[PDB]
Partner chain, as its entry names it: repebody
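Presented as structure tokens, the chain that follows is alone, the form solved without its partner chain.
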């Protein structure tokens, strides 16, 4: 049996309206031993808010038991430490897995929008590029809009550790060349904890 611990979504922790949560996933539970017990602690103090989602039966005669704990936005952003304690009959000793936010001074991202290369103008579609660099930690959310409507044909690279100790990434939005040439306005939206109101956007148009 193995224990995995997953952090909340960056967008959930940056907006008060949303609900962030820490997920503790237990895999490779055998048929003979389906009993799994969960204990949650926050900086040592034990909490009792966790809930256990229904367990799945996978393609190899095992079970995946998942426990979810809701966290406060400010506790996570302050660097509080969350640990998941798992006990099972097959285990010799209880397993403890620990997670928290990355430590360090947060740094404000810089957002630049880049128009399509002149070479790409011969194609039927063009690439709109959003460059975000110099931010820390790596938790971040990027979205594209146009006239207040979310564009959906975009892909974002994972954060990459830059040479100065910060992170950078690129986001690529693909639109029809006709939409670009007509003067439409496209925006790149960035959410990070070091930004004022955790939000900024840069526009891009011909």
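Positions refer to the first chain, counted from 1. Superpose the two forms; the largest set of C-alphas matching within 1.5 Å is the rigid core.
The discussion below concerns the form solved in complex with its partner chain, not included here.
For the chain shown alone, residue 75 is a contact residue for its partner chain in the deposited complex, at least one non-hydrogen atom being within 4.5 angstroms. In the deposited complex, no heavy atom of residue 39 sits within 4.5 Å of its partner chain.
Under a 4.5 angstroms non-hydrogen atom cutoff, its partner chain in the deposited complex lacks residue 54 among its neighbouring residues. Taking non-hydrogen atoms only, residue 80 approaches its partner chain to within 4.5 angstroms in the deposited complex. Among the candidates 73, 133, 83, 107, the CA atom that moves 2 angstroms or more between this form and the one not shown after core superposition belongs to 73 alone.
The rigid-core alignment places the CA of residue 197 less than 2 Å apart between this form and the one not shown. In the core-superposed comparison between this form and the one not shown, the C-alpha atom of residue 16 has shifted by at least 2 angstroms.
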